[PDB]
$ cat target-v3.tsv   # TSV, C-alpha atoms and all ligand atoms
chain	number	residue	atom	x	y	z
A	1	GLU	CA	14.19	16.06	10.37
A	2	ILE	CA	12.74	18.76	12.63
A	3	UNK	CA	9.27	17.23	12.04
A	4	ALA	CA	10.53	13.84	13.13
A	5	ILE	CA	12.13	15.44	16.19
A	6	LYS	CA	8.84	17.14	17.08
A	7	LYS	CA	7.27	13.69	16.72
A	8	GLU	CA	9.65	12.01	19.18
A	9	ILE	CA	9.30	14.91	21.63
A	10	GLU	CA	5.51	14.61	21.56
A	11	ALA	CA	5.69	10.88	22.35
A	12	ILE	CA	8.11	11.54	25.22
A	13	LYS	CA	5.71	14.08	26.73
A	14	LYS	CA	2.85	11.58	26.45
A	15	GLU	CA	4.94	8.86	28.11
A	16	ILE	CA	6.02	11.16	30.94
A	17	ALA	CA	2.39	12.18	31.49
A	18	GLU	CA	1.45	8.52	31.91
A	19	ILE	CA	4.33	7.98	34.34
A	20	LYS	CA	3.02	10.86	36.47
A	21	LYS	CA	-0.43	9.24	36.52
A	22	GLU	CA	0.97	6.00	37.96
A	23	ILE	CA	2.90	7.93	40.61
A	24	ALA	CA	-0.31	9.71	41.63
A	25	UNK	CA	-2.06	6.31	41.81
A	26	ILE	CA	0.67	4.84	43.99
A	27	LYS	CA	0.37	7.82	46.34
A	28	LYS	CA	-3.32	7.06	46.97
B	1	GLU	CA	22.99	21.66	17.22
B	2	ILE	CA	20.47	19.23	15.74
B	3	UNK	CA	23.01	16.50	16.62
B	4	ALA	CA	23.16	17.94	20.10
B	5	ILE	CA	19.37	17.73	20.22
B	6	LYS	CA	19.47	14.11	19.01
B	7	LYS	CA	21.90	13.19	21.80
B	8	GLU	CA	19.54	14.74	24.36
B	9	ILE	CA	16.50	12.80	23.12
B	10	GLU	CA	18.39	9.50	23.25
B	11	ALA	CA	19.60	10.30	26.77
B	12	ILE	CA	16.03	11.21	27.77
B	13	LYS	CA	14.66	7.93	26.39
B	14	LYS	CA	17.14	5.94	28.48
B	15	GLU	CA	16.22	7.72	31.72
B	16	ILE	CA	12.51	7.09	31.10
B	17	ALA	CA	13.36	3.40	30.71
B	18	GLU	CA	15.23	3.48	34.03
B	19	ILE	CA	12.34	5.32	35.70
B	20	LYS	CA	9.91	2.59	34.63
B	21	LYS	CA	12.22	-0.09	36.04
B	22	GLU	CA	12.57	1.83	39.31
B	23	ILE	CA	8.78	2.14	39.61
B	24	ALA	CA	8.47	-1.61	38.97
B	25	UNK	CA	11.05	-2.27	41.73
B	26	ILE	CA	9.11	-0.27	44.28
B	27	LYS	CA	5.88	-2.09	43.43
B	28	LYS	CA	7.53	-5.46	44.10
C	1	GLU	CA	11.74	26.30	15.69
C	2	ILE	CA	15.03	25.19	17.25
C	3	UNK	CA	14.57	27.72	20.11
C	4	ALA	CA	11.23	26.13	20.90
C	5	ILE	CA	12.66	22.61	20.70
C	6	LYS	CA	15.44	23.41	23.17
C	7	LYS	CA	12.86	25.02	25.47
C	8	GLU	CA	10.77	21.84	25.46
C	9	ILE	CA	13.80	19.59	25.99
C	10	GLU	CA	15.01	21.76	28.87
C	11	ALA	CA	11.54	21.50	30.43
C	12	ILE	CA	11.44	17.72	29.92
C	13	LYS	CA	14.82	17.32	31.64
C	14	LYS	CA	13.57	19.34	34.60
C	15	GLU	CA	10.45	17.17	34.78
C	16	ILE	CA	12.47	13.93	34.74
C	17	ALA	CA	14.74	15.17	37.53
C	18	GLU	CA	11.68	16.01	39.64
C	19	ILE	CA	10.27	12.53	38.98
C	20	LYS	CA	13.49	10.80	40.08
C	21	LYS	CA	13.57	12.79	43.33
C	22	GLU	CA	9.87	12.20	44.06
C	23	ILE	CA	10.07	8.48	43.27
C	24	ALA	CA	12.81	8.07	45.88
C	25	UNK	CA	10.56	9.80	48.47
C	26	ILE	CA	7.72	7.35	47.96
C	27	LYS	CA	7.44	4.47	50.45
C	28	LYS	CA	5.23	1.65	49.17
A	101	CU	CU	16.08	6.07	38.74
$ encode --input "target-v3.tsv" --output "structure tokens"
Amino acid sequence: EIXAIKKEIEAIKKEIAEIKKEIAXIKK
Amino acid sequence: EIXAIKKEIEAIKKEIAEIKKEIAXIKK
Amino acid sequence: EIXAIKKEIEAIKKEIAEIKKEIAXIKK
């Protein structure tokens, strides 16, 4: 279960990283 | 403990969904 | 392992709160 939790956490970090890229794009 | 962690991940997923909708609202 | 998972979740929460504040600051 811990492995599956580490899997969901890794996808959340990747999705947040993409959200930060769009915010940086909107700023420009 | 692990249940507590599960409730945090589900709450995090819902905020990320709301953040995407808020970004879409600002673009419009 | 659990100590590291809580540390990542606590950091993700802090990142989401920063994103919500910064998104409100943006003017299209
Ligand atoms: Cu919001």
$ residues_around --input "target-v3.tsv" --residues "residue C:6" --least-positions-apart "6" --cutoff "12 Å" --atoms "only C-alpha atoms" --output "PyMOL selection string"
(chain A and resi 2+5-6+9) or (chain B and resi 1-2+4-6+8-9) or (chain C and resi 12-13)
$ residues_near_ligand --input "target-v3.tsv" --ligand "ligand CU 101 (chain A)" --cutoff "6 Å" --atoms "all atoms listed in the file" --output "ChimeraX atom specification"
/B:18-19,22 /C:20
$ atom_distance --input "target-v3.tsv" --atom1 "atom CA of residue C:11" --atom2 "atom CA of residue B:26"
25.9 Å
$ calpha_fit_rmsd --input "target-v3.tsv" --fixed "chain C" --moving "chain A"
1.8 Å
$ closest_residue --input "target-v3.tsv" --among "B:24, B:3, B:10, B:15" --to "chain C" --atoms "all atoms listed in the file"
B:15
$ axis_aligned_box --input "target-v3.tsv" --around "stretch 7-21 of chain C" --padding-each-side "4 Å" --output "AutoDock Vina command-line options"
--center_x 12.6 --center_y 17.9 --center_z 34.4 --size_x 12.7 --size_y 22.2 --size_z 25.9
$ atom_distance --input "target-v3.tsv" --atom1 "atom CA of residue B:23" --atom2 "atom CA of residue C:23"
7.4 Å
$ atom_distance --input "target-v3.tsv" --atom1 "atom CA of residue B:25" --atom2 "atom CA of residue B:7"
27.5 Å
